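The chains referred to below are lettered A, B, ... by the order of the sequence lines, with proteins before strands, and numbering in each begins at 1. Side-chain atoms are counted along with the backbone in the values below, which use heavy atoms only and exclude waters and symmetry mates.
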Amino acid sequence: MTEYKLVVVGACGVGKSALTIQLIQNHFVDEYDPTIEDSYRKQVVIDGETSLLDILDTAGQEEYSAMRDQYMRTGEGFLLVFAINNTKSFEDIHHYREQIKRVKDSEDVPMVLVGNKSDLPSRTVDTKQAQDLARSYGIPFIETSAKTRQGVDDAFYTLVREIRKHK
Amino acid sequence: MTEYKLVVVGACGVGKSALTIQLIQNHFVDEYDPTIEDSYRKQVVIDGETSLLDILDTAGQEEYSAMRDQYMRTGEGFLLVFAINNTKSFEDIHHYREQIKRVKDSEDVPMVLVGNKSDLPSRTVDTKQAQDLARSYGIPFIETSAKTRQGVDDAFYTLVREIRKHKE
Ligand SMILES: Nc1nc2c(ncn2[C@@H]2O[C@H](COP(=O)(O)OP(=O)(O)O)[C@@H](O)[C@H]2O)c(=O)[nH]1
Ligand SMILES: Nc1nc2c(ncn2[C@@H]2O[C@H](COP(=O)(O)OP(=O)(O)O)[C@@H](O)[C@H]2O)c(=O)[nH]1
Ligand SMILES: *SCCNC(=O)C1CCN(C(=O)COc2ccc(Cl)cc2Cl)CC1
Ligand SMILES: *SCCNC(=O)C1CCN(C(=O)COc2ccc(Cl)cc2Cl)CC1
Ligand SMILES: [Ca+2]
Ligand SMILES: [Ca+2]
Ligand SMILES: [Ca+2]
Ligand SMILES: [Ca+2]
């Protein structure tokens with residue numbers, strides 16, 4: 001079977017750990033240590049074909065890091081996560097994508113834009129704004145709630161579809 | 001001196017001809033025949049360095065065209081023009097950029113996003129939308145009015161700056 005390395009990226013507190021732990025362990029973590037950076041395995045069937053996912057939930061400081069470059073180099077697909085009630089996290093998506101482009105020396109890297117915390121009544125990032133960003137990047141956009149599990153599987157499955165299309 | 005092939009692209013009626021004729025001949029044309037596709041030569045000085053510009057003002061049908069592909073292949077920089085009172089023309093920018101990238105093997109092609117008709121108060125494309133689009137594409141955004149000549153020189157000069165950056 002095929003194996004894929006996925007990387008979950010995004011600003012502090014957008015829900016990267018919560019999304020990943022929901023996918024892997026099927027519960028919502030409300031206080032996950034923000035310094036834990038780890039990877040998780042899961043075997044999944046997507047569109048009838050099994051794949052082994054290795055998912056890195058990233059955590060670090062705002063700084064250049066050779067180790068982070070190595071994570072980007074080995075990563076085959078990236079979830080670009082922002083929170084719908086945090087405009088800064090949406091604006092910074094652009095910078096995170098530029099870092100991936102720099103390391104991988106490529107603009108065609110598999111990526112999915114993820115707008116998390118969709119269960120919250122309020123939002124500061126418009127859906128159209130996010131759809132338009134994803135359109136400009138040529139990538140899918142998925143709305144999620146790690147809290148209710150809405151769209152969690154879809155976000156990761158869609159990323160795998162993107163990696164498969166790229167290969 | 002260096003010589004660059006520039007190509008002006010954009011939807012029907014966004015002001016490609018009006019912009020180009022303003023740059024070349026310094027007057028505003030109201031009813032320019034929409035079937036005329038032609039090139040103009042112009043020596044310009046930009047940041048103290050002279051370049052010869054060969055500028056193609058495009059016109060054609062909404063159809064695949066081998067000839068248009070050849071224009072894209074030889075073109076070195078592209079003005080992506082929309083009109084600020086025409087939302088469809090702004091949405092269509094994306095498709096025009098995709099065609100240029102298809103033909104040019106996904107090169108990081110020099111391009112400038114141009115929001116024309118900025119003199120009009122009938123705006124439907126928000127300025128922020130356009131800045132955000134240009135940011136995503138990694139290109140400059142210039143607002144222009146072929147009618148008042150606002151930004152016309154700047155749009156073309158900025159494209160030449162982008163070409164010079166790329167060829168370095
Ligand atoms: N309301 C809501 N809160 C969320 C959601 N996902 C994460 N959170 C909260 O946001 C905080 C940060 O989440 P975490 O996964 O640790 O963020 P990380 O820093 O990106 O790894 C946590 O306390 C979560 O409870 C969501 O979908 N909805
Ligand atoms: N108000 C205004 N009208 C413009 C401007 N630029 C072009 N036009 C008008 O828009 C129409 C189409 O312009 P044209 O240059 O022929 O567009 P093209 O089809 O893209 O070559 C004409 O009536 C022009 O006079 C502008 O900056 N302001
Ligand atoms: S919640 C406290 C921890 N803060 C962070 O983890 C932040 C560090 C900066 N940052 C990024 O660099 C996001 O971009 C990437 C991260 C990892 C990888 Cl492999 C690639 C990219 Cl582009 C935001 C989170
Ligand atoms: S105003 C009546 C004439 N209509 C047109 O000229 C339209 C034809 C379709 N179209 C485009 O294809 C714009 O995109 C390009 C045109 C030329 C070149 Cl070399 C490259 C591109 Cl991407 C809009 C104008
Ligand atoms: Ca975390
Ligand atoms: Ca794509
Ligand atoms: Ca014309
Ligand atoms: Ca650029």
Side-chain angles (χ1 to χ4, degrees), chain B residues 1-30 32-46 49-83 86 88-90 92-117 134 137 139-147 149 151-167:
Chain B
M1 64 182 317
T2 53
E3 177 172 9
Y4 300 129
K5 291 176 157 291
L6 286 53
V7 184
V8 186
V9 308
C12 189
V14 298
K16 297 183 303 298
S17 295
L19 282 166
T20 304
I21 291 161
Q22 270 288 20
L23 179 81
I24 302 298
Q25 302 187 345
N26 288 267
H27 62 103
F28 175 61
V29 296
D30 207 82
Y32 201 68
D33 185 324
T35 74
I36 298 175
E37 178 166 76
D38 211 349
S39 60
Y40 298 83
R41 268 183 40 152
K42 184 70 185 284
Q43 278 183 42
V44 307
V45 175
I46 295 170
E49 176 186 356
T50 309
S51 294
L52 182 63
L53 307 188
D54 183 350
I55 306 168
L56 179 61
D57 172 29
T58 62
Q61 281 62 65
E62 283 185 293
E63 64 178 349
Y64 172 68
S65 159
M67 178 174 171
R68 188 189 291 133
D69 279 16
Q70 187 57 28
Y71 281 149
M72 290 190 252
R73 194 71 178 186
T74 63
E76 285 166 298
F78 300 77
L79 284 190
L80 308 172
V81 187
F82 72 95
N86 183 337
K88 174 96 180 309
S89 74
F90 177 70
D92 285 356
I93 291 294
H94 179 78
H95 299 303
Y96 303 150
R97 175 177 177 273
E98 289 295 315
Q99 297 315 299
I100 290 159
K101 291 204 115 65
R102 169 183 58 77
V103 169
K104 302 189 73 69
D105 301 311
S106 296
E107 282 167 47
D108 191 25
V109 183
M111 293 178 280
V112 174
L113 185 65
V114 174
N116 190 44
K117 310 204 186 180
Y137 290 162
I139 65 182
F141 171 56
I142 300 296
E143 304 192 328
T144 64
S145 170
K147 182 181 263 277
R149 220 172 181 281
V152 175
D153 285 342
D154 293 337
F156 286 95
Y157 290 8
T158 297
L159 181 57
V160 174
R161 290 182 186 108
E162 288 295 305
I163 297 169
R164 291 176 177 169
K165 285 159 63 175
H166 186 61
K167 292 204 178 294

### Task
Using a cut-off of 6.0 Å, state whether more than 12 heavy atoms not belonging to B:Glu107 lie near its atom CD.
yes
#### Entry: B:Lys42 NZ: over 12 foreign heavy atoms closer than 6.0 Å
yes
Rounded at 0.5 Å granularity, tell me how far [atom1] in [X] sits from [atom2] in [Y].
X        : Y        : atom1 : atom2 : answer
B:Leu19  : B:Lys147 : CG    : NZ    : 13.0 Å
B:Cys12  : B:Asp92  : SG    : CG    : 11.5 Å
B:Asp108 : B:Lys101 : CG    : NZ    : 5.5 Å
B:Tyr96  : B:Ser89  : OH    : OG    : 8.0 Å
B:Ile93  : B:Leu80  : CD1   : CG    : 5.0 Å
B:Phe82  : B:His94  : CZ    : NE2   : 15.0 Å

Any side-chain to backbone donor/acceptor pair from [X] onto [Y]? Under 3.5 Å, distance only.
X        : Y        : answer
B:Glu76  : B:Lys5   : yes
B:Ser39  : B:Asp54  : no
B:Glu162 : B:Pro110 : no

### Task
Starting from the C-alpha separation in whole Å, work towards a yes-or-no answer on side chain to side chain contact (heavy atoms under 4.5 Å, CB included) for B:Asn26 and B:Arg149.
CA-CA 8 Å; B:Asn26 288 267; B:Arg149 220 172 181 281; 3.2 Å; yes
### Query
Knowing that exactly one of B:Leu6, B:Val29, B:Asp57, B:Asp38 qualifies, which makes a side-chain contact (heavy atoms from CB on, under 4.5 Å) with B:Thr20?
B:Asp57
Please give me the minimum heavy-atom distance between [X] and [Y], naming the atom from each residue.
X        : Y        : value
B:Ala155 : B:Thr144 : CB-CG2, 3.9 Å
B:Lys16  : B:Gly10  : NZ-O, 3.1 Å
B:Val152 : B:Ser145 : CG2-O, 3.7 Å
B:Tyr64  : B:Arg102 : CE1-NH2, 3.8 Å
B:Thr158 : B:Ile142 : OG1-CD1, 3.9 Å
B:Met72  : B:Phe78  : O-CZ, 3.6 Å

Taking side chain as C-beta onward, heavy atoms only, is [X] less than 4.5 Å from [Y]?
X        : Y        : result
B:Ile55  : B:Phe156 : yes
B:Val14  : B:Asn116 : no
B:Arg164 : B:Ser51  : yes

#### Entry: Charged N-O contact under 4.0 Å between B:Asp105 and B:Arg73
yes
### Task
Start with the C-alpha gap between B:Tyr137 and B:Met111, add the side-chain angles, then the distance that decides, and say whether side chain to side chain contact (heavy atoms under 4.5 Å, CB included) holds.
CA-CA 9 Å; B:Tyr137 290 162; B:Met111 293 178 280; 5.9 Å; no
### From CA spacing to verdict: side chain to side chain contact (heavy atoms under 4.5 Å, CB included), B:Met1, B:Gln43
CA-CA 10 Å; B:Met1 64 182 317; B:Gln43 278 183 42; 3.9 Å; yes
### Query
Stepwise, does the side chain to side chain contact (heavy atoms under 4.5 Å, CB included) test hold for B:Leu23 with B:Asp153?
CA-CA 6 Å; B:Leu23 179 81; B:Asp153 285 342; 3.4 Å; yes
